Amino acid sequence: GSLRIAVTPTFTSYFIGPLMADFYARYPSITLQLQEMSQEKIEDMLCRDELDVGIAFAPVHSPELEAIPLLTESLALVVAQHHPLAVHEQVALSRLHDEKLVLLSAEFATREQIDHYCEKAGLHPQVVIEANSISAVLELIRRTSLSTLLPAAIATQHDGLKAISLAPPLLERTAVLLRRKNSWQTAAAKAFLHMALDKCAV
């Protein structure tokens, strides 16, 4: 194998795709392996040299891993263009109380965070639908007048979808690139790192 990549669920919906596409077009000779998994798994596998690169969020728990700040992803209210709030670019955080949501199941870290900071903010929106797949959530949102909580970037990837900013912010996480320290990377791994970083410089 030439390059094993693992990322937490959300990056699969807007980040890793465009990146691996570019990487492949540049170094077609390198075969790629991509797996979306929980940060615990990514960290574990990187320590066991079962993965070359990882993408997750701070803080990193394993001391043997190095973390390179990638980007700051903040959750937003993702809706269809026909959702009554779509007319806005930003709405009060208090708007969530009346939102009927479609959320990822507890399995996902994002959901976990949503629950934590919602209760923290005194917000208890009604979860009418739950799914264990981001795409399913997006699919349901496109066809309904419901909403979801996901990083804003995912919305820029779909026309019928729009990300509404929350004021004040519910959750903001720092995306990071993970690799095992004191471990020499292949030329592929290094070019990967570089490219990932060049993409977040815009």
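Residue numbers here begin at 1 and follow the sequence given.
Checked against the record, the higher mean CA B factor of 68-76 and 90-98 lies with 68-76.
According to the PDB record, 176-184 carries the higher mean C-alpha B-factor of the two stretches 8-16 and 176-184. Take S147, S29, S165, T156 and read off each C-alpha B-factor from the entry; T156 has the highest. Considering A58, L171, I141, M45 together, the PDB entry gives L171 the largest C-alpha B factor.
Per the deposited record, the Cα B-factor of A152 falls in the middle third when ranked against the other modelled residues of its chain. In the PDB entry, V202 places in the highest third of its chain by CA B-factor. Placement of the Cα temperature factor of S38 within the chain: middle third of the modelled residues, per the deposited record. The deposited CA B-factor of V53 belongs to the middle third of values across its chain. Sort the modelled residues of the chain by CA B factor and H116 lands in the lowest third.
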